[PDB]
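Engineer: Provided herewith is a single structure, encoded as structure tokens, for subsequent inquiry.
Every residue, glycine among them, receives a Cβ derived from its backbone with ideal geometry; neighbour counts consider all protein chains shown. Every read-out reported here was derived from the displayed coordinates using simple, explicitly stated rules and does not represent laboratory data.
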Amino acid sequence: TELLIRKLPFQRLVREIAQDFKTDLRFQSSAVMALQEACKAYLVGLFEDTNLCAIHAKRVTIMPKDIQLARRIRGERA
Amino acid sequence: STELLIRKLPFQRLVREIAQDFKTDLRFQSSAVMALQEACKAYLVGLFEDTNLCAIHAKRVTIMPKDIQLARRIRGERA
Amino acid sequence: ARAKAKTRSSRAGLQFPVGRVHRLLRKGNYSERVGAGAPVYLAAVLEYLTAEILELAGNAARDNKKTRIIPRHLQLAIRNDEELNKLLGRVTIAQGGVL
Amino acid sequence: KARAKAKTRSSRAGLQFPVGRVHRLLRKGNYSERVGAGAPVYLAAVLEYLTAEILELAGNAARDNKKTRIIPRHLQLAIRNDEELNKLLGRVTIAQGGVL
Amino acid sequence: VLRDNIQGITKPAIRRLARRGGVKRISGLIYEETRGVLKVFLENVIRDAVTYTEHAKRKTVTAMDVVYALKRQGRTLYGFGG
Amino acid sequence: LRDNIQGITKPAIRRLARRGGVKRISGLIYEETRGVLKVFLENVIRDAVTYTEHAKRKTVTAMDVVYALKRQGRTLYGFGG
Amino acid sequence: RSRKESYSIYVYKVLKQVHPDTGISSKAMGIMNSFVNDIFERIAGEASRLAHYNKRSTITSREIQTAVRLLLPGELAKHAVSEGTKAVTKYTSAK
Amino acid sequence: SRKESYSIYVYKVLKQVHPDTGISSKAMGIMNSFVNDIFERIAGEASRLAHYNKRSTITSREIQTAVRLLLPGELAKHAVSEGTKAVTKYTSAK
DNA sequence: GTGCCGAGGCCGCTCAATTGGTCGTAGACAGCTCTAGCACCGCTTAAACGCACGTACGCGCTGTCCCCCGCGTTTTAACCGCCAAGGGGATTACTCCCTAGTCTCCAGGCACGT
DNA sequence: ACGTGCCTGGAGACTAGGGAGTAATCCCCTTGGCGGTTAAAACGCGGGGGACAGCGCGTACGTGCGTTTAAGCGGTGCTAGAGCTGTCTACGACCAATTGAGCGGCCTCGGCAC
């Protein structure tokens with residue numbers, strides 16, 4: 001597990017979010033594994049865009065403004 | 001509605017020159033050229049908005065080819 | 001003999017055509033069958049969205065001392081409302097001005 | 001009476017993918033009222049060609065890593081190391097593609 | 001019920017994700033921003049998955065609900081079809 | 001016809017950039033913008049010509065352009081009739 | 001002796017309902033037609049997908065409601081669902 | 001009940017391109033997802049193409065145009081060639 | 001105060017929406033099964049965490065020079081109007097051949113066993 | 001990983017009908033040419049704003065290490081709910097007759113530009 005996101009905390013976070021949409025919801029294990037895989041892919045792609053924004057400002061340290069710029073150019077809702 | 005001139009005749013010649021590499025003896029409806037021009041206007045204005053965002057990030061006020069390249073790379077457009 | 005014909009839009013209290021919406025749903029290759037309430041629901045939703053956009057655009061035109069809605073006012077209404085901008089953000093309005 | 005020996009439409013077209021299953025899927029899916037005779041054959045040929053391309057590049061990746069089997073990492077490498085397949089499958093997330 | 005589990009994605013996990021994306025150095029203010037971004041993304045996906053589940057009269061979210069919710073974002077996911 | 005991308009003049013690019021909020025423009029921006037526009041137009045016109053060829057037509061119509069733009073994820077209102 | 005259909009008269013009726021003294025240009029009419037058409041195809045396609053996911057052959061108001069929830073954001077979705085439910089209730093109560 | 005899948009046809013194509021290579025079950029699942037995704041993309045594009053021209057029938061001409069619209073560059077040329085070859089052989093084969 | 005044109009109102013017709021009846025089947029509901037999601041517990045050990053510390057790097061400041069903007073002048077080529085030609089899109093009518101549907105048959109693909 | 005039974009989805013043959021291919025016609029809308037005349041672009045110049053390199057400082061990040069935390073695993077049990085089968089009834093498709101809604105062409109004069 002190179003990109004180790006731990007199972008139990010992620011499952012608890014997934015359950016917490018779903019409580020705001022429907023009460024007493026169940027989850028298959030494969031549904032949580034799909035959510036975790038999507039989260040990994042999304043975050044790796046966003047960190048790649050963030051690193052391009054940092055290099056463009058002649059930096060090696062990624063900063064929150066880089067993430068904001070990448071997400072704005074992508075068109076993601078702030 | 002707040003005029004933003006791209007001249008009709010050179011753009012038409014450009015569209016005909018581009019299209020002749022896909023099919024010879026092609027006709028164009030006039031509304032097709034108007035739609036293409038409107039799409040080009042919108043696309044370029046939005047790209048310059050992203051380019052200006054990229055230029056400010058580098059503490060500049062002058063947009064440069066590298067800003068366009070970064071904006072298009074983040075957008076996902078093919079280089 | 002039969003009773004006087006009443007359009008389904010009048011029955012549902014709508015301005016949009018329920019019968020035309022049903023015909024388009026049946027023609028469109030969306031499903032084998034179409035329920036009775038589906039065209040009514042769709043017409044109601046379309047009427048609501050049209051009313052929202054025309055309200056905002058009429059407000060925008062009024063703020064310009066103009067009594068007639070033009071594509072610029074529709075563009076202003078779409079871009080000045082967060083919900084409409086999220087719904088209609090990737091859309092190009094002809095002659096609307098790219099801001 | 002004397003029915004000839006049945007011949008699959010896959011064998012008539014020289015294909016490995018099932019023409020009959022592709023025809024049934026096209027009919028069932030409410031894509032159109034009617035389906036032509038050659039449309040399932042064309043679709044099955046295209047699908048088989050794309051499958052062959054991807055499996056060839058994944059086998060090359062598996063061979064370059066000296067493994068005798070294809071794993072999802074090899075499919076991810078094959079997709080991302082070819083320009084056309086990256087253009088076709090760039091927006092796609094492969095399960096276990098990055099990590100094994 | 002336990003809440004504030006977004007802290008469950010730890011700083012070293014974010015560091016690992018960022019190093020796989022090519023990042024060399026990470027500001028200390030990146031972690032909270034990353035947690036917020038992840039929360040927004042997860043909220044959108046889970047909202048559409050729960051809508052798909054509620055439509056089907058079910059009480060359990062399946063892998064196909066997540067796949068359908070992700071697909072209609074434009075984030076197709078392979079390997080959960082069966 | 002050969003040199004028509006130069007018909008998108010430097011003042012036109014300056015106007016489009018000003019409308020997008022740009023204050024100062026480098027002199028190397030115009031060739032890059034012309035190349036970007038050429039790529040975009042090539043993609044759109046290729047898909048529109050495919051649509052036209054499917055219909056046994058010789059004239060590209062506004063609906064072909066609207067369909068080509070729609071499948072890029074760029075939706076153009078006001079040319080459907 | 002031929003026709004092409006549009007939503008112009010209904011959009012005009014709704015416009016007179018909301019802004020009695022305001023008019024609309026033909027260009028804006030075309031924009032409104034394109035908008036209505038686009039929203040119709042979006043909702044119909046989502047409803048068709050929803051019916052296919054559940055192995056159903058009928059598109060009902062439940063499919064339309066779920067599609068509207070999927071496609072429309074936030075308060076727009078909440079108000080559209082309220083309007084559609086109100087209209088369907090009024091329709092079914094009648095005769 | 002009985003889920004139909006492309007595993008055996010993908011395995012036949014694998015033994016044609018790499019007769020000594022195997023494939024894991026997870027890779028077969030990714031290949032199944034890929035085949036389904038491509039089938040639904042092409043069929044949807046062909047269905048839209050038929051409706052634009054006021055037609056009721058999806059023929060090989062709609063499939064060819066869908067392949068040319070969806071596949072990029074070199075991929076479209078070879079896919080079109082393979083489909084035309086299959087249709088010609090199928091038409092000749094009684 | 002005057003002139004323009006485009007948007008609003010009116011009428012005839014014609015075709016698509018409405019009403020009524022019939023019937024086949026899709027789906028809603030009940031009952032059952034048995035699978036898999038959830039909760040608890042104890043133990044281990046991997047991973048996160050908190051602190052210290054050195055140094056790489058972000059950021060502010062300064063100075064030079066280059067190259068963008070604004071302005072005035074000349075050029076050039078878009079554009080509008082008028083005319084002509086002709087290609088080709090849209091419509092209609094006829095025909096024939098291709099696809100749906102039904103019934104019969106069987107062989108490929110999947111669960112079980114080895 | 002291979003052999004085997006069976007059972008369900010695919011293939012064969014025939015028929016009816018309507019979808020689509022083809023020919024003919026017309027008229028409209030795209031393409032080309034020519035002249036003038038004017039708006040827009042191209043060009044040159046001068047100045048100063050801004051880009052960029054160099055430098056110093058101090059702060060915050062990466063690394064290492066001992067300690068703490070809680071995740072993971074295996075086992076057990078419970079019980080909700082998903083998936084399947086069977087019945088039956090309401091509901092939507094289909095057809096035929098009726099009629100009013102809606103579309104196109106014409107007439108008018110108002111909101112804007114000059």
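Engineer: In the range D:51-87, which residues are buried (at least 23 other Cβ atoms within 10 Å of the Cβ) and hydrophobic (A, V, I, L, M, F, W, C)?
Structural biologist: Once the filter is applied, which keeps residues that are buried (at least 23 other Cβ atoms within 10 Å of the Cβ) and hydrophobic (A, V, I, L, M, F, W, C), the range D:51-87 yields D:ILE54, D:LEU55, D:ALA58, D:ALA62, D:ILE70, D:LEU75, D:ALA78, D:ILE79.
Engineer: Residues that are in contact with a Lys or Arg (Cβ under 6 Å, 6 or more places away or on another chain) and either among the polar types (S, T, N, Q) or more than 7 Å from chain D (Cβ to nearest Cβ) (or both): does the range H:41-60 have at least one?
Structural biologist: yes
Engineer: Identify the single condition in (1) of a type outside the set (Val, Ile, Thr); (2) in contact with a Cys (Cβ under 9 Å, 6 or more places away or on another chain); (3) within 14 Å of DNA strand I (Cβ to nearest atom) that E:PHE41 does not satisfy, given that it satisfies every other one.
Structural biologist: That leaves (3) as the condition not met.
Engineer: State whether one or more residues within the range G:6-25 are more than 12 Å from DNA strand I (Cβ to nearest atom), surrounded by fewer than 17 Cβ atoms within 10 Å (Cβ to Cβ) and either in contact (Cβ under 8 Å) with a residue 60 or more places away in the chain or of a type in the set (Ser, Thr, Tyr) (or both).
Structural biologist: Yes, the range G:6-25 has at least one match.
Engineer: Under 8 Å by Cβ, and 6 or more places apart or on different chains, what pairs join a residue from the range D:1-21 that is closer than 11 Å to H:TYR90 by Cβ with one that is surrounded by 13 or more Cβ atoms within 10 Å (Cβ to Cβ) and among the polar types (S, T, N, Q)?
Structural biologist: What qualifies is D:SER10/D:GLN16; D:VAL19/D:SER10.
Engineer: Give the number of residues within the range C:72-99 that are over 15 Å from G:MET32 (Cα atoms) and either assigned to a helix (DSSP H, G or I) or within 13 Å of chain F (Cβ to nearest Cβ) (or both).
Structural biologist: 11
Engineer: Let me ask another. Mind checking which residues of the range B:5-21 are crowded, with 16+ Cβ neighbours inside 10 Å and near DNA strand I (Cβ under 10 Å from one of its atoms)?
Structural biologist: B:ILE6, B:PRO10, B:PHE11, B:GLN12, B:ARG13, listed by residue number.
Engineer: Related question: Do any residues in the range B:2-26 that are touching a residue at least 24 places away in the same chain (Cβ under 8 Å) have Cβ atoms under 7 Å from those of residues that are polar (S, T, N, Q) and within 13 Å of DNA strand I (Cβ to nearest atom), where the two are at least six apart or on different chains, and which pairs are they?
Structural biologist: From the range B:2-26, the pairs are B:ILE6/B:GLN37; B:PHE11/B:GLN37.
Engineer: Return a yes/no flag: does the range A:2-21 have any residue that is within 7 Å of chain E (Cβ to nearest Cβ), more than 14 Å from DNA strand J (Cβ to nearest atom) and either within 18 Å of E:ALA56 (Cβ to Cβ) or charged (D, E, K, R) (or both).
Structural biologist: Checking the range A:2-21: at least one residue is within 7 Å of chain E (Cβ to nearest Cβ), more than 14 Å from DNA strand J (Cβ to nearest atom) and either within 18 Å of E:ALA56 (Cβ to Cβ) or charged (D, E, K, R) (or both).
Engineer: Check D:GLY14 against each of (1) under 15 Å from H:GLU40 (Cβ atoms); (2) facing another protein chain (nearest Cβ under 8 Å); (3) more than 10 Å from DNA strand I (Cβ to nearest atom) and name the one condition it does not meet.
Structural biologist: (1)
Residues are listed down the side, and each one gets a yes or a no for (1) within 18 Å of E:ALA63 (Cα to Cα); (2) out of contact with any strand residue (DSSP E or B) (no Cβ under 9 Å at 6 or more places or on another chain); (3) among the small types (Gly, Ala, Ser):
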position: A:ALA18; (1), (2), (3): yes, no, yes
position: A:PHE21; (1), (2), (3): yes, yes, no
position: A:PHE27; (1), (2), (3): yes, no, no
position: A:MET33; (1), (2), (3): yes, yes, no
position: A:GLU37; (1), (2), (3): yes, no, no
position: A:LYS40; (1), (2), (3): yes, no, no
position: A:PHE47; (1), (2), (3): no, no, no
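Engineer: F:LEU1 is checked against (1) more than 13 Å from DNA strand I (Cβ to nearest atom); (2) under 23 Å from B:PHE28 (Cα atoms) and fails just one. What number does that condition carry?
Structural biologist: (1)
Engineer: Return yes when B:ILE68 is β-branched (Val, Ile, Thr), away from DNA strand J (no atom under 12 Å from the Cβ) and in contact with a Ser or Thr (Cβ under 7 Å, 6 or more places away or on another chain) and no when it is not.
Structural biologist: yes
Engineer: Here is a list of conditions, (1) surrounded by fewer than 18 Cβ atoms within 10 Å (Cβ to Cβ); (2) within 14 Å of the chain's Cα centre (by Cα), and F:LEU69 meets all of them except one; can you say which number that is?
Structural biologist: Condition (1) is where F:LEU69 drops out.
Engineer: Give just the number: which of (1) facing chain C (nearest Cβ under 8 Å); (2) among the polar types (S, T, N, Q); (3) surrounded by fewer than 14 Cβ atoms within 10 Å (Cβ to Cβ) does G:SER82 not satisfy?
Structural biologist: Looking at each condition in turn, G:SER82 falls short on (1).
Engineer: Out of curiosity, is B:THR24 over 19 Å from the mean Cα position of the chain (by Cα) and either crowded, with 21+ Cβ neighbours inside 10 Å or of a type in the set (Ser, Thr, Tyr) (or both)? It would help to see each step written out before you state the result.
Structural biologist: Numbers: over 19 Å from the mean Cα position of the chain (by Cα): yes; either crowded, with 21+ Cβ neighbours inside 10 Å or of a type in the set (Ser, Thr, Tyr) (or both): yes.
Yes, satisfied.
Engineer: For the range F:40-69, enumerate the residues that are facing another protein chain (nearest Cβ under 7 Å) and closer than 30 Å to B:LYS66 by Cβ.
Structural biologist: F:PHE40, F:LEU41, F:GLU42, F:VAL44, F:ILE45, F:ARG46, F:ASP47, F:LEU69
Engineer: Now, a different point. Give the residue, chosen from E:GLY74, E:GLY28, E:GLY36, E:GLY82, that is surrounded by fewer than 20 Cβ atoms within 10 Å (Cβ to Cβ), away from DNA strand J (no atom under 11 Å from the Cβ) and away from chain D (no Cβ under 14 Å).
Structural biologist: Selected residue: E:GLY36, the only one of E:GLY74, E:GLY28, E:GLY36, E:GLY82 that is surrounded by fewer than 20 Cβ atoms within 10 Å (Cβ to Cβ), away from DNA strand J (no atom under 11 Å from the Cβ) and away from chain D (no Cβ under 14 Å).
Engineer: Here is a list of conditions, (1) at the interface with chain C (Cβ under 7 Å from one of its Cβ atoms); (2) on the phi > 0 side of the Ramachandran plot, and G:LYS95 meets all of them except one; can you say which number that is?
Structural biologist: Here G:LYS95 clears every test but (1).
Engineer: Scan the range A:47-70 residue by residue and report those that are more than 7 Å from chain E (Cβ to nearest Cβ) and away from DNA strand I (no atom under 15 Å from the Cβ).
Structural biologist: A:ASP49, A:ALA70
Engineer: Among D:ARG21, D:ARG9, D:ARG69, D:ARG27, which is the only one that is under 19 Å from H:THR57 (Cβ atoms), within 8 Å of chain H (Cβ to nearest Cβ) and not hydrophobic (A, V, I, L, M, F, W, C)? Let's see the steps before the verdict.
Structural biologist: Values: D:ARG21 fails: under 19 Å from H:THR57 (Cβ atoms); D:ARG69 fails: under 19 Å from H:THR57 (Cβ atoms); D:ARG27 fails: within 8 Å of chain H (Cβ to nearest Cβ).
Just one listed residue meets the conditions, D:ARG9.
Engineer: Restricting to the range E:10-25, give me the number of residues that are facing chain A (nearest Cβ under 7 Å) and within 17 Å of A:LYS40 (Cβ to Cβ). Quick ask: steps written out before the conclusion?
Structural biologist: Here is the first cut: in the range E:10-25, the ones facing chain A (nearest Cβ under 7 Å) are E:13, E:16-18, E:20-25.
Within this subset, residues satisfying the condition of being within 17 Å of A:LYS40 (Cβ to Cβ) are E:13, E:16-18, E:20-23.
Total satisfying the criteria: 8.
Engineer: When you scan chain B for helices (runs of 4 or more DSSP H) that lie fully inside it, which ones turn up with 2 or more residues that are farther than 30 Å from D:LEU88 by Cα and among the polar types (S, T, N, Q)?
Structural biologist: Because the criterion is at least 2 residues that are farther than 30 Å from D:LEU88 by Cα and among the polar types (S, T, N, Q), the helices (runs of 4 or more DSSP H) in chain B that meet it are B:30-57.
Engineer: Further question: Please enumerate the residues belonging to the range H:50-66 that are closer than 15 Å to F:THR52 by Cα and out of contact with any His (no Cβ under 6 Å at 6 or more places or on another chain).
Structural biologist: Within the range H:50-66, H:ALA50, H:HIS51, H:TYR52, H:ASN53, H:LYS54, H:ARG61, H:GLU62, H:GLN64, H:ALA66 meet the criteria.
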